[PDB]
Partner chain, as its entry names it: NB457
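Single chain ahead, by itself, as structure tokens, in the form solved without the partner chain.
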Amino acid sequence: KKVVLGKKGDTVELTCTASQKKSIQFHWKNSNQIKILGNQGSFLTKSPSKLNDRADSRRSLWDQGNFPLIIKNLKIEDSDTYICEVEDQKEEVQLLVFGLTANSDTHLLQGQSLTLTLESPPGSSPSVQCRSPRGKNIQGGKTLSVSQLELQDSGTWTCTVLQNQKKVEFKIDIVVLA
């Protein structure tokens, strides 16, 4: 079904919009029928999930038939296919959380090599396309490198992973010491 990409450490909001008469009974569950949250009358209730203290919704939206599932401080283990059920209507949203890190000092000496590491959820195979501060571009799957670093390559870069038509931007400031 629908796929949503989120960033490690960020917040993502998965959507759930009804159709039938406005606002009713609802709940979100992960792949294996483990309730994450839902309503108790006019209120929210969080089940004791592995995400409780980072899972939430937006009560005001419920009246407009919208029951979102917001997860903060995302871990890549949060990738799963989540399920929203409103009355009888059911919906699925696969969340793929990615990370794009750099162990290469971040402040490098000219002629050095930087290496970026895309951290993906199990099974995930995407693609990373970093545009340097000067239009040059690299590409990879889990790692990308530029082994001949210029000073003028200092600044922000734009790495963008892809998975299922959707994509996320990942900006990093590369500092080049002369």
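Numbering follows the first chain given and starts at 1.
Where do the C-alpha atoms have the higher mean temperature factor in this entry, in 165 to 173 or in 11 to 19? The deposited B-factors put 165 to 173 ahead on the C-alpha mean.
Highest mean C-alpha temperature factor of the two stretches 105 to 113 and 29 to 37, which is it? The deposited B-factors put 105 to 113 ahead on the C-alpha mean.
Between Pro48, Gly65, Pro126, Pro68, where does the Cα B-factor run highest in the record? In this record, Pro126 carries the highest C-alpha B-factor of the candidates.
Highest-ranked of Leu118, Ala55, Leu44, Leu151 once sorted by CA temperature factor in the record: Each of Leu118, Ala55, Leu44, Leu151 was compared by C-alpha B-factor; the highest is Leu151.
The same protein has a further form, the form solved in complex with the partner chain, not shown here; the description that follows concerns it.
Candidate stretches 146 to 154, 105 to 113, 130 to 138, 31 to 39, one within 4.5 Å of the partner chain in the entry with it bound by heavy atom: Going by heavy atoms within 4.5 Å, the stretch is 31 to 39.
Spell out, yes or no, whether the shortest heavy atom distance between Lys1 and the partner chain in the entry with it bound is within 4.5 Å. So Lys1 counts as contacting the partner chain.
Please determine whether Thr158 contacts the partner chain in the entry with it bound, using a 4.5 Å cut-off between heavy atoms. So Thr158 does not count as contacting the partner chain.
At 4.5 Å between heavy atoms, is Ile71 in contact with the partner chain in the entry with it bound? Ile71 lies outside the contact set for the partner chain.
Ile83: heavy atom within 4.5 Å of the partner chain in the entry with it bound? Residue-level check for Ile83: yes, a contact with the partner chain.
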